[PDB]
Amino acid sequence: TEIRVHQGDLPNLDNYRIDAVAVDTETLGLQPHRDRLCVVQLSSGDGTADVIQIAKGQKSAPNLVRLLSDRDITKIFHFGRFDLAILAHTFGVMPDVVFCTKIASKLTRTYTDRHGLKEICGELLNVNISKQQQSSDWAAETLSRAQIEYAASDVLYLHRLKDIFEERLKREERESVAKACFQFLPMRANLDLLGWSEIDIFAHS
């Protein structure tokens, strides 16, 4: 599996002249105001991935941010609620053309309450995600090989997952539902950054 490791940014957009890009991040934790962005992962869906180490205090990443702001390119996430928050917090740009495989799973895999990436990859693709490195020092100057393979695996399969979920959403006639959820997702991420992360804004109480 070809995994290209970069410092700071993509060197160019040559591998991403595409309509959709799979995106994930690694951080020091779940709290974007405390836990810095450490890694950004990308794949075009061709079976290879880019792993971008983000430095402490890094304010800019122009090639990555070009993709994030390109409205001709759908940003595919698994649980984009988190990735959108830390990406917009770090580089100042919120994507507004997105697809989330966790939301799509909640709308289509109605026979389960297990919507994690590992569960979804195994059921839909018979692909085994190993989570051992999720709890690791993502701020390390040199990521280990196990870390780099794990980070790549978070984006290697999102295109294939999106294709299946799009088929399920059509079959169950839920495309307009999903579209509305993906349209609000960036604001749900902004709500988290502004201080409503523990609040379901739509709940009665």
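Numbering starts at 1 and runs along the sequence shown.
In this crystal structure, the stretch out of 157 to 165 and 55 to 63 whose C-alpha atoms carry the higher mean B factor is 55 to 63. Here 184 to 192 and 12 to 20 are compared by their mean Cα B-factor, and 12 to 20 comes out higher. Residue set 74, 110, 133, 101: peak C-alpha B-factor at 133 (per PDB entry).
Annotation for residue 149: CA B-factor lies in the middle third of the chain's modelled residues. Per the deposited record, the Cα B-factor of residue 44 falls in the highest third when ranked against the other modelled residues of its chain. Among the modelled residues of the chain, residue 171 sits in the highest third by CA temperature factor in this PDB entry. In the PDB entry, a CA B factor belonging to the highest third of its chain's modelled residues is recorded for residue 140. In the PDB entry, a CA B factor belonging to the lowest third of its chain's modelled residues is recorded for residue 27.
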